[PDB]
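my_file.pdb (PDB, C-alpha atoms and all ligand atoms) appears below.
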ATOM      1  CA  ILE G   1      22.626   0.090 -45.448
ATOM      2  CA  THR G   2      25.847   2.031 -45.996
ATOM      3  CA  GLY G   3      28.891  -0.146 -46.525
ATOM      4  CA  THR G   4      31.395  -1.684 -48.913
ATOM      5  CA  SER G   5      30.297  -3.470 -52.081
ATOM      6  CA  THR G   6      31.628  -7.004 -52.471
ATOM      7  CA  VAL G   7      30.799 -10.392 -54.003
ATOM      8  CA  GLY G   8      29.669 -13.537 -52.206
ATOM      9  CA  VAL G   9      28.993 -17.099 -53.294
ATOM     10  CA  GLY G  10      26.190 -19.542 -52.595
ATOM     11  CA  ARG G  11      23.895 -22.204 -54.005
ATOM     12  CA  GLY G  12      20.382 -21.720 -55.343
ATOM     13  CA  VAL G  13      17.207 -23.741 -54.932
ATOM     14  CA  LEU G  14      18.280 -26.266 -57.577
ATOM     15  CA  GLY G  15      21.786 -26.797 -56.171
ATOM     16  CA  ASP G  16      23.639 -24.623 -58.689
ATOM     17  CA  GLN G  17      26.444 -22.373 -57.481
ATOM     18  CA  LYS G  18      26.515 -18.676 -58.342
ATOM     19  CA  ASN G  19      28.134 -15.415 -57.285
ATOM     20  CA  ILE G  20      25.971 -12.642 -55.844
ATOM     21  CA  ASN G  21      26.544  -8.953 -55.170
ATOM     22  CA  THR G  22      26.521  -8.156 -51.450
ATOM     23  CA  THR G  23      27.373  -5.258 -49.139
ATOM     24  CA  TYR G  24      29.668  -5.503 -46.115
ATOM     25  CA  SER G  25      28.944  -3.591 -42.908
ATOM     26  CA  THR G  26      29.768  -5.806 -39.902
ATOM     27  CA  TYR G  27      27.564  -8.394 -41.606
ATOM     28  CA  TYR G  28      27.344  -9.217 -45.298
ATOM     29  CA  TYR G  29      23.930  -8.125 -46.577
ATOM     30  CA  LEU G  30      22.010  -9.185 -49.676
ATOM     31  CA  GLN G  31      22.237  -5.660 -51.054
ATOM     32  CA  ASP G  32      23.429  -5.202 -54.639
ATOM     33  CA  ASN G  33      24.753  -1.677 -55.207
ATOM     34  CA  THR G  34      25.733  -2.213 -58.859
ATOM     35  CA  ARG G  35      22.191  -1.991 -60.303
ATOM     36  CA  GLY G  36      20.226   1.246 -60.085
ATOM     37  CA  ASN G  37      19.380   2.358 -56.565
ATOM     38  CA  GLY G  38      19.905  -1.196 -55.339
ATOM     39  CA  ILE G  39      18.492  -4.704 -55.138
ATOM     40  CA  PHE G  40      17.524  -5.710 -51.594
ATOM     41  CA  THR G  41      16.495  -9.195 -50.454
ATOM     42  CA  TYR G  42      14.700  -9.728 -47.144
ATOM     43  CA  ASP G  43      13.904 -12.622 -44.820
ATOM     44  CA  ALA G  44      10.215 -12.904 -43.899
ATOM     45  CA  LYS G  45      11.029 -15.658 -41.361
ATOM     46  CA  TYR G  46       7.941 -17.765 -42.199
ATOM     47  CA  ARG G  47       5.677 -14.837 -41.226
ATOM     48  CA  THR G  48       3.319 -12.713 -43.336
ATOM     49  CA  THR G  49       4.651  -9.347 -42.132
ATOM     50  CA  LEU G  50       6.562  -7.545 -44.876
ATOM     51  CA  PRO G  51       9.253  -6.934 -45.852
ATOM     52  CA  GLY G  52      10.956  -8.564 -42.873
ATOM     53  CA  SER G  53      14.661  -8.190 -42.091
ATOM     54  CA  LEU G  54      17.288  -7.358 -44.688
ATOM     55  CA  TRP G  55      19.154 -10.608 -45.247
ATOM     56  CA  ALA G  56      22.319 -10.682 -43.130
ATOM     57  CA  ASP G  57      25.092 -13.274 -43.287
ATOM     58  CA  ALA G  58      28.256 -13.591 -41.221
ATOM     59  CA  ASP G  59      30.797 -14.943 -43.742
ATOM     60  CA  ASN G  60      29.491 -13.979 -47.221
ATOM     61  CA  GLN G  61      28.909 -17.663 -48.067
ATOM     62  CA  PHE G  62      25.358 -18.827 -48.711
ATOM     63  CA  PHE G  63      25.402 -22.643 -48.866
ATOM     64  CA  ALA G  64      22.783 -23.357 -46.185
ATOM     65  CA  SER G  65      19.440 -24.808 -47.250
ATOM     66  CA  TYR G  66      17.737 -21.818 -45.613
ATOM     67  CA  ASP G  67      19.840 -19.536 -47.855
ATOM     68  CA  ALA G  68      18.874 -20.980 -51.244
ATOM     69  CA  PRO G  69      15.627 -19.045 -51.939
ATOM     70  CA  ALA G  70      17.357 -15.783 -51.014
ATOM     71  CA  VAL G  71      20.306 -16.473 -53.333
ATOM     72  CA  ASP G  72      18.046 -17.068 -56.343
ATOM     73  CA  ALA G  73      15.631 -14.207 -55.641
ATOM     74  CA  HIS G  74      18.589 -11.839 -55.284
ATOM     75  CA  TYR G  75      20.401 -13.166 -58.361
ATOM     76  CA  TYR G  76      17.429 -13.487 -60.718
ATOM     77  CA  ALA G  77      16.207  -9.998 -59.834
ATOM     78  CA  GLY G  78      19.563  -8.744 -61.098
ATOM     79  CA  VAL G  79      19.293 -10.762 -64.312
ATOM     80  CA  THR G  80      15.815  -9.350 -64.937
ATOM     81  CA  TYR G  81      17.129  -5.834 -64.286
ATOM     82  CA  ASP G  82      19.949  -6.429 -66.777
ATOM     83  CA  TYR G  83      17.485  -7.695 -69.389
ATOM     84  CA  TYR G  84      15.311  -4.574 -69.273
ATOM     85  CA  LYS G  85      18.360  -2.288 -69.221
ATOM     86  CA  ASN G  86      20.343  -3.977 -72.002
ATOM     87  CA  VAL G  87      17.490  -5.036 -74.302
ATOM     88  CA  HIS G  88      14.867  -2.294 -73.842
ATOM     89  CA  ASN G  89      16.910   0.610 -72.392
ATOM     90  CA  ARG G  90      14.671   0.677 -69.309
ATOM     91  CA  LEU G  91      16.175   1.444 -65.890
ATOM     92  CA  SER G  92      14.342  -0.720 -63.345
ATOM     93  CA  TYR G  93      10.563  -1.102 -63.316
ATOM     94  CA  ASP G  94       9.721   2.610 -63.013
ATOM     95  CA  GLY G  95      12.237   3.698 -65.656
ATOM     96  CA  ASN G  96      14.148   5.740 -63.049
ATOM     97  CA  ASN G  97      16.207   3.012 -61.305
ATOM     98  CA  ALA G  98      13.771   2.351 -58.465
ATOM     99  CA  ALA G  99      15.117  -0.020 -55.827
ATOM    100  CA  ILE G 100      14.001  -3.639 -56.238
ATOM    101  CA  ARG G 101      12.940  -5.440 -53.060
ATOM    102  CA  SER G 102      12.123  -9.122 -52.532
ATOM    103  CA  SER G 103      11.106 -11.108 -49.455
ATOM    104  CA  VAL G 104      11.598 -14.879 -49.234
ATOM    105  CA  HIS G 105      10.368 -17.464 -46.721
ATOM    106  CA  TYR G 106       6.928 -15.844 -46.818
ATOM    107  CA  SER G 107       4.470 -17.693 -44.561
ATOM    108  CA  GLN G 108       4.485 -21.501 -44.220
ATOM    109  CA  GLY G 109       4.032 -23.875 -47.149
ATOM    110  CA  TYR G 110       2.843 -21.016 -49.360
ATOM    111  CA  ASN G 111       2.478 -22.176 -52.980
ATOM    112  CA  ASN G 112       2.681 -18.799 -54.728
ATOM    113  CA  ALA G 113       4.656 -15.635 -55.389
ATOM    114  CA  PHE G 114       3.459 -12.151 -56.239
ATOM    115  CA  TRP G 115       4.154  -8.471 -56.717
ATOM    116  CA  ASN G 116       2.203  -6.609 -54.027
ATOM    117  CA  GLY G 117       2.476  -3.111 -55.514
ATOM    118  CA  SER G 118       5.733  -2.340 -53.672
ATOM    119  CA  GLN G 119       7.898  -5.497 -53.642
ATOM    120  CA  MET G 120       8.145  -9.132 -54.672
ATOM    121  CA  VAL G 121       7.113 -11.930 -52.307
ATOM    122  CA  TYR G 122       8.045 -15.620 -52.577
ATOM    123  CA  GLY G 123       6.690 -18.597 -50.694
ATOM    124  CA  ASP G 124       8.711 -21.742 -50.070
ATOM    125  CA  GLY G 125       6.029 -24.088 -51.394
ATOM    126  CA  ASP G 126       4.773 -27.156 -49.567
ATOM    127  CA  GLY G 127       7.529 -29.383 -50.982
ATOM    128  CA  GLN G 128       5.086 -31.333 -53.181
ATOM    129  CA  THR G 129       3.265 -28.820 -55.389
ATOM    130  CA  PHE G 130       6.149 -26.319 -55.365
ATOM    131  CA  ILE G 131       9.688 -25.881 -54.136
ATOM    132  CA  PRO G 132      10.724 -22.281 -53.251
ATOM    133  CA  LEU G 133       9.373 -20.268 -56.155
ATOM    134  CA  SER G 134      12.369 -17.930 -56.499
ATOM    135  CA  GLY G 135      14.181 -20.928 -58.002
ATOM    136  CA  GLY G 136      12.370 -20.271 -61.275
ATOM    137  CA  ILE G 137      13.826 -17.480 -63.387
ATOM    138  CA  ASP G 138      10.611 -17.175 -65.406
ATOM    139  CA  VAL G 139       8.680 -16.861 -62.130
ATOM    140  CA  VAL G 140      10.935 -14.058 -60.874
ATOM    141  CA  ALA G 141      10.830 -12.197 -64.189
ATOM    142  CA  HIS G 142       7.070 -12.786 -64.349
ATOM    143  CA  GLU G 143       6.548 -11.035 -61.005
ATOM    144  CA  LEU G 144       8.927  -8.140 -61.678
ATOM    145  CA  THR G 145       7.222  -7.553 -65.036
ATOM    146  CA  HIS G 146       4.015  -6.874 -63.081
ATOM    147  CA  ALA G 147       5.857  -3.871 -61.647
ATOM    148  CA  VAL G 148       6.751  -2.681 -65.157
ATOM    149  CA  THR G 149       3.113  -3.004 -66.220
ATOM    150  CA  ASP G 150       1.907  -1.163 -63.104
ATOM    151  CA  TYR G 151       4.144   1.796 -63.992
ATOM    152  CA  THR G 152       3.277   1.814 -67.715
ATOM    153  CA  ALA G 153      -0.054   0.568 -69.092
ATOM    154  CA  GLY G 154      -1.546  -0.003 -65.636
ATOM    155  CA  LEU G 155      -3.714  -2.901 -66.820
ATOM    156  CA  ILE G 156      -6.348  -3.518 -64.162
ATOM    157  CA  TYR G 157      -6.285  -7.022 -62.686
ATOM    158  CA  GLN G 158      -9.588  -8.417 -63.900
ATOM    159  CA  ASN G 159     -11.322  -9.731 -67.031
ATOM    160  CA  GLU G 160      -9.523  -9.259 -70.361
ATOM    161  CA  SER G 161      -7.304  -6.435 -69.082
ATOM    162  CA  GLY G 162      -6.086  -8.732 -66.313
ATOM    163  CA  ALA G 163      -5.498 -11.596 -68.743
ATOM    164  CA  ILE G 164      -3.333  -9.262 -70.830
ATOM    165  CA  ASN G 165      -1.502  -8.277 -67.643
ATOM    166  CA  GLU G 166      -0.735 -11.920 -66.845
ATOM    167  CA  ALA G 167       0.181 -12.731 -70.460
ATOM    168  CA  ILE G 168       2.697  -9.865 -70.579
ATOM    169  CA  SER G 169       4.352 -11.239 -67.437
ATOM    170  CA  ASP G 170       4.489 -14.735 -68.950
ATOM    171  CA  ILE G 171       5.883 -13.368 -72.225
ATOM    172  CA  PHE G 172       8.739 -11.373 -70.709
ATOM    173  CA  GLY G 173       9.290 -14.026 -68.056
ATOM    174  CA  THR G 174      10.019 -16.436 -70.904
ATOM    175  CA  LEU G 175      12.138 -13.906 -72.815
ATOM    176  CA  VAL G 176      14.241 -13.363 -69.691
ATOM    177  CA  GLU G 177      14.647 -17.141 -69.407
ATOM    178  CA  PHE G 178      15.930 -17.182 -72.998
ATOM    179  CA  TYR G 179      18.106 -14.120 -72.350
ATOM    180  CA  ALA G 180      19.870 -15.937 -69.503
ATOM    181  CA  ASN G 181      19.995 -19.138 -71.612
ATOM    182  CA  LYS G 182      18.879 -21.136 -68.568
ATOM    183  CA  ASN G 183      17.354 -24.253 -70.135
ATOM    184  CA  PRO G 184      14.917 -22.011 -72.029
ATOM    185  CA  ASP G 185      11.458 -23.143 -73.083
ATOM    186  CA  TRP G 186       7.947 -21.805 -73.682
ATOM    187  CA  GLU G 187       6.630 -23.241 -70.398
ATOM    188  CA  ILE G 188       5.985 -21.358 -67.150
ATOM    189  CA  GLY G 189       7.317 -22.493 -63.784
ATOM    190  CA  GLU G 190       8.716 -25.875 -64.833
ATOM    191  CA  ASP G 191      11.792 -25.516 -62.592
ATOM    192  CA  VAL G 192       9.842 -25.189 -59.312
ATOM    193  CA  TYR G 193       6.560 -26.989 -60.061
ATOM    194  CA  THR G 194       5.916 -30.549 -58.806
ATOM    195  CA  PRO G 195       9.459 -31.745 -57.994
ATOM    196  CA  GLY G 196       8.177 -35.331 -58.165
ATOM    197  CA  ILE G 197       6.827 -35.106 -61.734
ATOM    198  CA  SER G 198       9.090 -34.601 -64.748
ATOM    199  CA  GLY G 199       8.160 -32.687 -67.877
ATOM    200  CA  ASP G 200       5.191 -30.683 -66.548
ATOM    201  CA  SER G 201       4.724 -26.993 -65.772
ATOM    202  CA  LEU G 202       2.192 -24.477 -64.492
ATOM    203  CA  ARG G 203       1.077 -23.392 -67.967
ATOM    204  CA  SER G 204       2.277 -23.695 -71.554
ATOM    205  CA  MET G 205       2.594 -20.906 -74.103
ATOM    206  CA  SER G 206       3.214 -23.284 -77.019
ATOM    207  CA  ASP G 207       0.109 -25.374 -76.226
ATOM    208  CA  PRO G 208      -2.040 -23.869 -73.454
ATOM    209  CA  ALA G 209      -4.749 -26.538 -73.818
ATOM    210  CA  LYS G 210      -2.221 -29.077 -72.509
ATOM    211  CA  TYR G 211      -3.230 -27.862 -69.024
ATOM    212  CA  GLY G 212      -6.842 -26.917 -69.753
ATOM    213  CA  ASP G 213      -6.298 -23.298 -70.768
ATOM    214  CA  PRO G 214      -7.947 -21.800 -73.869
ATOM    215  CA  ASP G 215      -5.968 -21.388 -77.080
ATOM    216  CA  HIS G 216      -8.735 -19.595 -79.004
ATOM    217  CA  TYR G 217     -11.043 -16.686 -78.201
ATOM    218  CA  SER G 218     -14.129 -18.866 -78.722
ATOM    219  CA  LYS G 219     -12.961 -21.012 -75.773
ATOM    220  CA  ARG G 220     -12.424 -18.126 -73.342
ATOM    221  CA  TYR G 221     -13.595 -18.431 -69.744
ATOM    222  CA  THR G 222     -16.481 -16.066 -68.973
ATOM    223  CA  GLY G 223     -17.134 -16.692 -65.261
ATOM    224  CA  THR G 224     -16.122 -14.733 -62.181
ATOM    225  CA  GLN G 225     -13.374 -16.929 -60.724
ATOM    226  CA  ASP G 226      -9.683 -16.051 -60.951
ATOM    227  CA  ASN G 227     -10.730 -12.386 -61.229
ATOM    228  CA  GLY G 228     -12.513 -13.380 -64.419
ATOM    229  CA  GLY G 229      -9.941 -15.893 -65.648
ATOM    230  CA  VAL G 230      -6.819 -13.714 -65.634
ATOM    231  CA  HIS G 231      -4.584 -16.793 -65.370
ATOM    232  CA  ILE G 232      -6.872 -18.788 -67.701
ATOM    233  CA  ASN G 233      -7.633 -16.509 -70.651
ATOM    234  CA  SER G 234      -3.981 -15.417 -70.711
ATOM    235  CA  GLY G 235      -3.401 -18.606 -72.705
ATOM    236  CA  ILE G 236      -5.110 -16.980 -75.686
ATOM    237  CA  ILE G 237      -2.531 -14.173 -75.715
ATOM    238  CA  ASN G 238       0.384 -16.463 -74.831
ATOM    239  CA  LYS G 239      -0.421 -18.668 -77.830
ATOM    240  CA  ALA G 240      -0.524 -15.634 -80.122
ATOM    241  CA  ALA G 241       2.855 -14.477 -78.795
ATOM    242  CA  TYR G 242       4.328 -17.949 -79.289
ATOM    243  CA  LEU G 243       3.076 -17.981 -82.890
ATOM    244  CA  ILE G 244       4.514 -14.529 -83.641
ATOM    245  CA  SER G 245       7.938 -15.673 -82.432
ATOM    246  CA  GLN G 246       8.140 -19.299 -83.581
ATOM    247  CA  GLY G 247       5.451 -19.590 -86.264
ATOM    248  CA  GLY G 248       3.116 -22.474 -86.974
ATOM    249  CA  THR G 249      -0.411 -23.363 -88.086
ATOM    250  CA  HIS G 250      -3.195 -23.035 -85.515
ATOM    251  CA  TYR G 251      -6.832 -23.850 -86.324
ATOM    252  CA  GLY G 252      -5.937 -23.712 -90.009
ATOM    253  CA  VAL G 253      -4.262 -20.275 -89.897
ATOM    254  CA  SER G 254      -0.566 -20.196 -90.798
ATOM    255  CA  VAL G 255       1.863 -17.787 -89.123
ATOM    256  CA  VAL G 256       5.438 -17.078 -90.198
ATOM    257  CA  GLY G 257       7.603 -16.616 -87.123
ATOM    258  CA  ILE G 258       9.736 -13.491 -86.775
ATOM    259  CA  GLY G 259      11.817 -14.435 -83.727
ATOM    260  CA  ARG G 260      11.958 -13.710 -80.007
ATOM    261  CA  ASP G 261      13.822 -10.396 -80.185
ATOM    262  CA  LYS G 262      11.234  -8.846 -82.506
ATOM    263  CA  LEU G 263       8.431 -10.256 -80.335
ATOM    264  CA  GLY G 264       9.931  -8.459 -77.340
ATOM    265  CA  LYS G 265      10.330  -5.147 -79.163
ATOM    266  CA  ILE G 266       6.755  -5.247 -80.480
ATOM    267  CA  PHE G 267       5.135  -6.102 -77.147
ATOM    268  CA  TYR G 268       7.328  -3.732 -75.130
ATOM    269  CA  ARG G 269       6.348  -0.871 -77.438
ATOM    270  CA  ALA G 270       2.689  -1.882 -77.196
ATOM    271  CA  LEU G 271       2.940  -2.023 -73.396
ATOM    272  CA  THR G 272       4.679   1.334 -72.957
ATOM    273  CA  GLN G 273       3.040   3.414 -75.722
ATOM    274  CA  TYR G 274      -0.426   2.090 -76.623
ATOM    275  CA  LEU G 275      -2.005  -0.002 -73.839
ATOM    276  CA  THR G 276      -4.215   1.541 -71.148
ATOM    277  CA  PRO G 277      -5.659   0.334 -67.828
ATOM    278  CA  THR G 278      -8.900  -0.929 -69.434
ATOM    279  CA  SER G 279      -7.539  -2.348 -72.704
ATOM    280  CA  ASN G 280      -9.193  -5.541 -73.967
ATOM    281  CA  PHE G 281      -7.945  -8.227 -76.358
ATOM    282  CA  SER G 282      -9.165  -6.439 -79.488
ATOM    283  CA  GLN G 283      -7.333  -3.287 -78.404
ATOM    284  CA  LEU G 284      -4.183  -5.327 -77.728
ATOM    285  CA  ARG G 285      -4.302  -6.525 -81.342
ATOM    286  CA  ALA G 286      -4.461  -2.925 -82.571
ATOM    287  CA  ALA G 287      -1.599  -1.954 -80.251
ATOM    288  CA  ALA G 288       0.621  -4.803 -81.460
ATOM    289  CA  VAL G 289      -0.182  -4.094 -85.120
ATOM    290  CA  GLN G 290       0.564  -0.393 -84.650
ATOM    291  CA  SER G 291       3.778  -1.195 -82.763
ATOM    292  CA  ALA G 292       4.983  -3.485 -85.553
ATOM    293  CA  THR G 293       4.107  -0.757 -88.066
ATOM    294  CA  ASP G 294       6.126   1.839 -86.141
ATOM    295  CA  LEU G 295       9.178  -0.430 -86.026
ATOM    296  CA  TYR G 296       9.165  -2.310 -89.341
ATOM    297  CA  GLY G 297       6.688  -0.668 -91.721
ATOM    298  CA  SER G 298       3.061  -1.135 -92.731
ATOM    299  CA  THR G 299       4.009  -3.560 -95.540
ATOM    300  CA  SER G 300       6.468  -5.613 -93.484
ATOM    301  CA  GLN G 301       6.446  -9.333 -92.809
ATOM    302  CA  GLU G 302       6.433  -8.423 -89.109
ATOM    303  CA  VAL G 303       3.066  -6.660 -89.333
ATOM    304  CA  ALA G 304       1.703  -9.554 -91.395
ATOM    305  CA  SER G 305       2.736 -12.153 -88.809
ATOM    306  CA  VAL G 306       1.128 -10.178 -85.972
ATOM    307  CA  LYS G 307      -2.167 -10.060 -87.881
ATOM    308  CA  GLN G 308      -2.038 -13.781 -88.701
ATOM    309  CA  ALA G 309      -1.239 -14.728 -85.099
ATOM    310  CA  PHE G 310      -4.245 -12.891 -83.675
ATOM    311  CA  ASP G 311      -6.414 -14.253 -86.492
ATOM    312  CA  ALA G 312      -5.283 -17.750 -85.499
ATOM    313  CA  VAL G 313      -6.493 -17.264 -81.902
ATOM    314  CA  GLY G 314      -9.742 -15.622 -83.016
ATOM    315  CA  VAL G 315      -9.028 -12.058 -81.845
ATOM    316  CA  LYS G 316     -10.287  -9.379 -84.233
TER     317      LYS G 316
HETATM  318 CA    CA G 401      26.974 -17.885 -44.405
HETATM  319 CA    CA G 402      13.235 -23.770 -68.590
HETATM  320 CA    CA G 403      10.095 -21.654 -68.491
HETATM  321 CA    CA G 404       7.480 -30.914 -62.157
HETATM  322 ZN    ZN G 405       1.117 -12.799 -62.568
END

Serialized structure, structure tokens:
Amino acid sequence: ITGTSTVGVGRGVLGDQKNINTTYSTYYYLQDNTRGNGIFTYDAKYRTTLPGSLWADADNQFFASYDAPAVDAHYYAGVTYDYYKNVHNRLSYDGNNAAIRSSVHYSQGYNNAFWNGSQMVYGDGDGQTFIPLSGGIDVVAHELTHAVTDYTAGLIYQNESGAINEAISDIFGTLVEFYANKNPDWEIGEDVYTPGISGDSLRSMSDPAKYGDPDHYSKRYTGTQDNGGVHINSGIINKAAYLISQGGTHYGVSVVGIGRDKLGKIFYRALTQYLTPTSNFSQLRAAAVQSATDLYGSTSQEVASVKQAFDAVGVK
């Protein structure tokens, strides 16, 4: 909508207060005009019809319980946009400042969030397995990274290509969590998963087996469920990424860590220059090795650590 840019205030899913960019035109709308062609947050009103109604508020204050998922979806979309702009020189998910759209209050008791090819969608959770999923910055950045992948490598959502797709979203979801310095960790979804249980998460990059996900290619899932294990076999790639960044010994193979920033540069270059829709794990290794070579040299420690990491998880 056309109007005047301003700044409101509200509280997110976890009770924290934050300022959000809004637009005034009779109502105050969750429309951020400061980032690309805009960030727009919609109310799905517990229905499954999308996108719903652009979020409208009478006084530019968002402290109602109903408001919290919209505040965080709106705010964390902006943080993710800033990350890709400031760190990787990418303007929105298409590289041309495409508008970012999110709908909250999707359905009733829906324990998931997703990118649907055109926008982000967030359930509220059932209150036991999940609280509203936009409260997790790694969740939000995970979903928006699916849009980046769709517009770059185009990894198809099944088998090893799909597991790479999910791993990329976990990797940059975590890097965005570190970028915002919001209680950062190498876990996925810990802020919105099981509000009654402390210290757990949806999956772990540092130790995927902690939740029954493979940490080595010999333990990969080979069935047909989960589109061929896209959320399962991603643990193999997540572990390799964790090793590249932080280092460690895994199944007897030692990896010298090179840090998060270099991990992001290597995988972003692999994603945008070398991966294709049908890439498999072995091709991802070649892409990451070539990306590290482009950036740091064929004799560099960086290239060495990439090779060791994939060796450690059994990917040749
Ligand atoms: Ca209000
Ligand atoms: Ca965290
Ligand atoms: Ca996390
Ligand atoms: Ca929990
Ligand atoms: Zn995903």

Around ligand CA 403 (chain G), at most 9 Å away and counting all atoms listed in the file, which residues are there? Put them as a list in words, please.
->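 Those residues are residues 136, 137, 138, 139, 170, 173, 174, 177, 178, 182, 183, 184, 185, 186, 187, 188, 189, 190, 191, 201 and 204 of chain G.
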
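Using all atoms listed in the file, we find that the residues with an atom at most 10 Å from any atom of ligand CA 401 (chain G) are residues 8, 9, 10, 27, 28, 56, 57, 58, 59, 60, 61, 62, 63, 64 and 67 of chain G.
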
Given the file shown, enumerate the residues that the PyMOL selection byres (((not hetatm)) within 10 of (chain G and resi 404)) captures and present them as a PyMOL selection string.
-> chain G and resi 128-131+189-202

Between atom CA of residue 213 of chain G and atom CA of residue 262 of chain G, what is the spacing in Å?
->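 Distance between the two atoms: 25.6 Å.
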
The PyMOL selection byres (((chain G and resi 15-25) around 9) and not hetatm) resolved against shown file, as an mmCIF file with C-alpha atoms, keeping the file's coordinate frame:
data_model
loop_
_atom_site.group_PDB
_atom_site.id
_atom_site.type_symbol
_atom_site.label_atom_id
_atom_site.label_comp_id
_atom_site.auth_asym_id
_atom_site.auth_seq_id
_atom_site.Cartn_x
_atom_site.Cartn_y
_atom_site.Cartn_z
ATOM 1 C CA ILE G 1 22.626 0.090 -45.448
ATOM 2 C CA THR G 2 25.847 2.031 -45.996
ATOM 3 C CA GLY G 3 28.891 -0.146 -46.525
ATOM 4 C CA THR G 4 31.395 -1.684 -48.913
ATOM 5 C CA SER G 5 30.297 -3.470 -52.081
ATOM 6 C CA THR G 6 31.628 -7.004 -52.471
ATOM 7 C CA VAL G 7 30.799 -10.392 -54.003
ATOM 8 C CA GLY G 8 29.669 -13.537 -52.206
ATOM 9 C CA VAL G 9 28.993 -17.099 -53.294
ATOM 10 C CA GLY G 10 26.190 -19.542 -52.595
ATOM 11 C CA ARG G 11 23.895 -22.204 -54.005
ATOM 12 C CA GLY G 12 20.382 -21.720 -55.343
ATOM 13 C CA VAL G 13 17.207 -23.741 -54.932
ATOM 14 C CA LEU G 14 18.280 -26.266 -57.577
ATOM 15 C CA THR G 26 29.768 -5.806 -39.902
ATOM 16 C CA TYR G 27 27.564 -8.394 -41.606
ATOM 17 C CA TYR G 28 27.344 -9.217 -45.298
ATOM 18 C CA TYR G 29 23.930 -8.125 -46.577
ATOM 19 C CA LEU G 30 22.010 -9.185 -49.676
ATOM 20 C CA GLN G 31 22.237 -5.660 -51.054
ATOM 21 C CA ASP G 32 23.429 -5.202 -54.639
ATOM 22 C CA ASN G 33 24.753 -1.677 -55.207
ATOM 23 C CA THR G 34 25.733 -2.213 -58.859
ATOM 24 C CA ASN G 60 29.491 -13.979 -47.221
ATOM 25 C CA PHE G 63 25.402 -22.643 -48.866
ATOM 26 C CA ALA G 68 18.874 -20.980 -51.244
ATOM 27 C CA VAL G 71 20.306 -16.473 -53.333
ATOM 28 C CA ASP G 72 18.046 -17.068 -56.343
ATOM 29 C CA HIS G 74 18.589 -11.839 -55.284
ATOM 30 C CA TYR G 75 20.401 -13.166 -58.361
#

Among listed residues G:176, G:241, G:271, G:312, nearest ligand CA 402 (chain G) (using all atoms listed in the file) |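 Looking at the shortest contact to ligand CA 402 (chain G), the residue is G:176.
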
Among listed residues G:155, G:87, G:54, G:163, nearest residue 227 of chain G (using all atoms listed in the file) =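 Closest candidate: G:163.
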
Counting only C-alpha atoms and all ligand atoms, the residue of G:181, G:118, G:165, G:111 that sits nearest ligand CA 402 (chain G) |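 That would be G:181, the residue with the smallest distance to ligand CA 402 (chain G).
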
Please evaluate the PyMOL selection byres (((not hetatm)) within 7 of (chain G and resi 405)) against the structure above and give the resulting residues as a ChimeraX atom specification.
-> /G:114,142-143,146,166,169
